[PDB]
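Below is one structure, written out as structure tokens; comments come after it.
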Amino acid sequence: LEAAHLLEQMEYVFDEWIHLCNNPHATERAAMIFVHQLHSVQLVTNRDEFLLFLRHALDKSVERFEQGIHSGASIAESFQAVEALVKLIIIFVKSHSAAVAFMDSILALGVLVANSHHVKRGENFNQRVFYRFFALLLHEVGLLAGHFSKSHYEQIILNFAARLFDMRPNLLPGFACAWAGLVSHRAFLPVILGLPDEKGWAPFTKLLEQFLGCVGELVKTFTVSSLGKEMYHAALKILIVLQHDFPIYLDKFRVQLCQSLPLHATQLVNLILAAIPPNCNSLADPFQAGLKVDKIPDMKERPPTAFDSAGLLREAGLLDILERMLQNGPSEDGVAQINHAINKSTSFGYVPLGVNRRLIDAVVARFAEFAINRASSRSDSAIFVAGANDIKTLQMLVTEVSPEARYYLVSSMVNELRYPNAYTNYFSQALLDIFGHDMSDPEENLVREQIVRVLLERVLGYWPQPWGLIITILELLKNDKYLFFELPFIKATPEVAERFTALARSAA
């Protein structure tokens, strides 16, 4: 009843504020008179009444924008309503942590209004006005970087990353394009990763995994719509930027990002893997002369990882048995217990169809870590040992594991061989050892078909490949005993053989 009058008062105040911003014959002093007057005439006494005013103002800004666009006015002319709101907002944040709590409340406010216009108008949602709102706030805060303390500024950035996640394409699918532009925005993306001690890497990787996953699902459904193209192109551009500007982050969180993407999305995944650290200059041409990988310094260095492989296994309660198998050699009961946990994603008439990706990625990662400890202890300082228990543990693992499940098992190892490092080194030696194990046996031959089928898919595409990818395959080609040419898989596909032969003829 009386509540209707209150809203009409809030709307009237905001209208007067817009007119002041639009009037060129207005003095600069006029604006600060308006804001001081807001508290004296009891228009806005409490902090809640201010938020309510800002709730209604952001709502009107959206209505004003749609009004302007439909009228035929320029897009800049229609933005003046939401722009006037942001200006008033900035006035209060410079009046001063209260400022951090004030910024956070407005961010959460924008989320509420965005969700409101998506609930009330799902198909009639307009991303343009809401994107402009958050984009301006990102820009203005960046200008006030010197004002806030070093700790207060970081809190605002982290809170911004928190509020962006509250507007997921899963929860706000009609805001996906704009949300993508906010994650890739030059006022947020560089500053979140720019924070010291990698404080912003964890919030950012959460947004990105939602983003990459959103694209991946679109891609799988054979999209032709502008949405899919806009979303996929945004994915390409953001990964290209991340690779060049922040290669260390893309190297450290490589596992988490690949999981968000479907495996067959080869190009998107390749952008993550082909990334190289700035310090590394050991990148040599695989084709050149008689290149010997064993004589490389960075081949023993351990790349950084944000992946918690050890913790994920412990949480699954399978960490203890794996380490016991890495010490005591492969055990039949052990592999079977790991395999069941892998295929689990039990009751009467129940069969598993899905495979746990992350658990597999955890297991694979542990085989390399145990090789690192060995190298430090040994006088030979070699990472890979052909007669060790772990390589036989991995050997038996690939054999007894489900065909679909072994596909993810091998794909994990190939994903690890990238630029010259210990992980690339270990899995390059390990993947060949499995391929060379019991070549005469028919069952092992089938596994060899699964390995080449994965490798062939990665090199089939016309794009820069990882270093370790080419290195491993060339060794698989150059070696006589491997007889890759006369593998029943290579005998099966003529077109794949054509592509492979071209690589074999470039294999100087």
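Residue numbering restarts at 1 in every chain; chains get A, B, ... in the order shown in the structure tokens, and ligands count up from 1 in that same order.
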
Practice item. Name the residues of segment 131-172 of chain A that come out as alpha helix (DSSP H) in a backbone DSSP run; write them as a ChimeraX atom specification. Key: /A:131-143,150-165

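Omitting residue 389 of chain A and its sequence neighbours fewer than 2 positions away, and counting only C-alpha atoms, the residues within 10 Å are residues 325, 326, 327, 328, 329, 330, 385, 386, 387, 391, 392, 393, 394 and 395 of chain A.
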
Using the selection just defined, write its residues with C-alpha atoms as a compact mmCIF listing (two decimals), in the first residue's frame.
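This went into result_13.txt:
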```txt
# COMPACT_ATOMS: atom_id res chain seq x y z
CA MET A 325 51.57 -51.15 -5.29
CA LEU A 326 54.27 -48.73 -6.41
CA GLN A 327 56.55 -50.28 -3.79
CA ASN A 328 55.57 -53.96 -3.87
CA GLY A 329 54.92 -54.13 -7.61
CA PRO A 330 51.63 -54.71 -9.46
CA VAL A 385 63.68 -46.84 -14.98
CA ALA A 386 62.59 -49.71 -17.23
CA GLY A 387 62.86 -52.38 -14.53
CA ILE A 391 56.39 -49.04 -14.70
CA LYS A 392 55.20 -52.63 -14.30
CA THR A 393 52.40 -51.35 -12.07
CA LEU A 394 51.37 -48.98 -14.85
CA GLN A 395 51.82 -51.78 -17.39
```

Check your understanding: So which residues touch residue 82 of chain A within 8 Å, counting only C-alpha atoms, skipping near sequence neighbours fewer than 4 positions away, as a PyMOL selection string?
Key -> chain A and resi 58+61-62+86+129+132-133

Put those residues in a file: N, CA, C and O atoms, as a PDB file, in the first residue's frame.
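So result.pdb came out as:
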```
ATOM      1  N   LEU A  58      18.878   0.734 -10.900  1.00  0.00           N
ATOM      2  CA  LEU A  58      19.437  -0.212 -11.858  1.00  0.00           C
ATOM      3  C   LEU A  58      18.325  -0.869 -12.669  1.00  0.00           C
ATOM      4  O   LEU A  58      18.522  -1.241 -13.827  1.00  0.00           O
ATOM      5  N   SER A  61      17.305   1.752 -15.205  1.00  0.00           N
ATOM      6  CA  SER A  61      18.364   1.874 -16.200  1.00  0.00           C
ATOM      7  C   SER A  61      18.180   0.872 -17.334  1.00  0.00           C
ATOM      8  O   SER A  61      18.431   1.185 -18.498  1.00  0.00           O
ATOM      9  N   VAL A  62      17.740  -0.334 -16.986  1.00  0.00           N
ATOM     10  CA  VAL A  62      17.484  -1.370 -17.979  1.00  0.00           C
ATOM     11  C   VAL A  62      16.268  -1.004 -18.824  1.00  0.00           C
ATOM     12  O   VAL A  62      16.280  -1.156 -20.046  1.00  0.00           O
ATOM     13  N   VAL A  86      26.218   4.602 -12.358  1.00  0.00           N
ATOM     14  CA  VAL A  86      27.581   4.232 -11.994  1.00  0.00           C
ATOM     15  C   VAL A  86      28.363   5.443 -11.485  1.00  0.00           C
ATOM     16  O   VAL A  86      29.146   5.334 -10.540  1.00  0.00           O
ATOM     17  N   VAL A 129      23.050  -3.921 -21.418  1.00  0.00           N
ATOM     18  CA  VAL A 129      22.967  -2.961 -20.325  1.00  0.00           C
ATOM     19  C   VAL A 129      23.667  -3.479 -19.065  1.00  0.00           C
ATOM     20  O   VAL A 129      24.342  -2.721 -18.366  1.00  0.00           O
ATOM     21  N   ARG A 132      27.500  -3.479 -19.567  1.00  0.00           N
ATOM     22  CA  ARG A 132      27.988  -2.109 -19.459  1.00  0.00           C
ATOM     23  C   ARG A 132      28.137  -1.703 -17.996  1.00  0.00           C
ATOM     24  O   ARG A 132      29.062  -0.976 -17.629  1.00  0.00           O
ATOM     25  N   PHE A 133      27.215  -2.183 -17.166  1.00  0.00           N
ATOM     26  CA  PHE A 133      27.214  -1.866 -15.744  1.00  0.00           C
ATOM     27  C   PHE A 133      28.463  -2.405 -15.051  1.00  0.00           C
ATOM     28  O   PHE A 133      29.152  -1.672 -14.344  1.00  0.00           O
TER      29      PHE A 133
END
```

Point to revise | Spatial neighbours of residue 430 of chain A, 12 Å, only C-alpha atoms, chain gap at least 6 places, as an MDAnalysis selection string | key: chainID A and resid 364 367:368 371 383:388 390:395 398 410 413:414 416:417 422:424 436:437 451 472 476

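Compared by their closest atoms to residue 9 of chain A, and using only C-alpha atoms, the residues A:43, A:81, A:299, A:195 rank with A:43 nearest.
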
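When only C-alpha atoms are used to measure the gap to residue 293 of chain A, the shortest distance among A:313, A:474, A:341, A:191 belongs to A:474.
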
Review point. Quick one: residues within 10 Å of residue 245 of chain A, only C-alpha atoms counted, chain neighbours fewer than 6 positions away excluded, as number ranges by chain?
Key: A: 190, 193, 239, 278

Check your understanding: Using only C-alpha atoms, which residues sit within 12 Å of residue 187 of chain A once same-chain residues fewer than 5 positions away are excluded, as number ranges by chain?
Key -> A: 134-143, 145, 157, 160, 181-182, 192-194

Review point. Restricting the calculation to only C-alpha atoms, which member of A:366, A:355, A:425, A:408 is positioned closest to residue 297 of chain A?
Key: A:425

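Nearest residue to residue 357 of chain A among A:333, A:251, A:258, A:447 is A:258, counting only C-alpha atoms.
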
Per-residue nearest contacts of segment 1-67 of chain A to segment 96-118 of chain A (8 Å; only C-alpha atoms) as CSV:
```
residue,atom,partner,partner_atom,distance
A:51,CA,A:106,CA,7.8
A:55,CA,A:109,CA,6.8
A:58,CA,A:113,CA,7.3
A:59,CA,A:113,CA,6.8
```

Take the residues from that selection and put them in a file with N, CA, C and O atoms, as an mmCIF file, in the first residue's frame.
```cif
data_model
loop_
_atom_site.group_PDB
_atom_site.id
_atom_site.type_symbol
_atom_site.label_atom_id
_atom_site.label_comp_id
_atom_site.auth_asym_id
_atom_site.auth_seq_id
_atom_site.Cartn_x
_atom_site.Cartn_y
_atom_site.Cartn_z
ATOM 1 N N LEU A 51 20.476 1.243 -0.697
ATOM 2 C CA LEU A 51 20.507 0.037 -1.518
ATOM 3 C C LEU A 51 19.202 -0.124 -2.288
ATOM 4 O O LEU A 51 19.215 -0.412 -3.482
ATOM 5 N N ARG A 55 18.575 -0.403 -6.064
ATOM 6 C CA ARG A 55 17.861 -1.525 -6.664
ATOM 7 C C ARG A 55 16.916 -1.007 -7.738
ATOM 8 O O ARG A 55 16.850 -1.549 -8.840
ATOM 9 N N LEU A 58 18.878 0.734 -10.900
ATOM 10 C CA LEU A 58 19.437 -0.212 -11.858
ATOM 11 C C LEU A 58 18.325 -0.869 -12.669
ATOM 12 O O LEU A 58 18.522 -1.241 -13.827
ATOM 13 N N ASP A 59 17.155 -1.003 -12.056
ATOM 14 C CA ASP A 59 15.994 -1.551 -12.743
ATOM 15 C C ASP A 59 15.498 -0.577 -13.805
ATOM 16 O O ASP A 59 15.162 -0.976 -14.921
#
```

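Interatomic distance, atom CA of residue 361 of chain A against atom CA of residue 294 of chain A: 26.2 Å.
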
Practice item. Using atom CA of residue 93 of chain A and atom CA of residue 57 of chain A as the two end points, give the distance in Å to one decimal. Key: 17.2 Å

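Surrounding segment 266-273 of chain A within 8 Å are residues 235, 236, 239, 240, 243, 250, 251, 254, 257, 258, 261, 263, 415, 418, 457, 458, 461, 463, 465 and 466 of chain A, with only C-alpha atoms counted and residues fewer than 3 positions along the same chain left out.
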
Show me, as a Markdown table, the residues of segment 29-85 of chain A having an atom within 9 Å of segment 16-22 of chain A, each with the closest atom pair and its distance in Å, using only C-alpha atoms.
```
| residue | atom | partner | partner_atom | distance |
| --- | --- | --- | --- | --- |
| A:30 | CA | A:20 | CA | 7.9 |
| A:31 | CA | A:20 | CA | 7.3 |
| A:34 | CA | A:17 | CA | 7.7 |
| A:80 | CA | A:18 | CA | 8.0 |
| A:81 | CA | A:18 | CA | 6.6 |
| A:84 | CA | A:18 | CA | 6.0 |
| A:85 | CA | A:18 | CA | 8.0 |
```

Restricting it to C-alpha atoms, dump the selection as a PDB file, in the first residue's frame.
```
ATOM      1  CA  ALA A  30      25.650  21.052  -8.450  1.00  0.00           C
ATOM      2  CA  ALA A  31      26.331  17.310  -8.293  1.00  0.00           C
ATOM      3  CA  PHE A  34      22.517  16.760  -4.788  1.00  0.00           C
ATOM      4  CA  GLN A  80      23.302   7.336 -20.295  1.00  0.00           C
ATOM      5  CA  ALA A  81      20.833   6.045 -17.695  1.00  0.00           C
ATOM      6  CA  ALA A  84      24.629   8.106 -14.605  1.00  0.00           C
ATOM      7  CA  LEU A  85      23.967   5.426 -11.993  1.00  0.00           C
TER       8      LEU A  85
END
```

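Each of A:409, A:75, A:473, A:492 was checked against residue 429 of chain A using only C-alpha atoms; the smallest atom-to-atom distance is that of A:473.
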
Exercise for review: Provide the atom CA of residue 183 of chain A to atom CA of residue 201 of chain A distance in Å, to one decimal place.
Suggested key: 12.8 Å

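Closest approach to residue 460 of chain A among A:490, A:496, A:401, A:227 is made by A:496 (distances from only C-alpha atoms).
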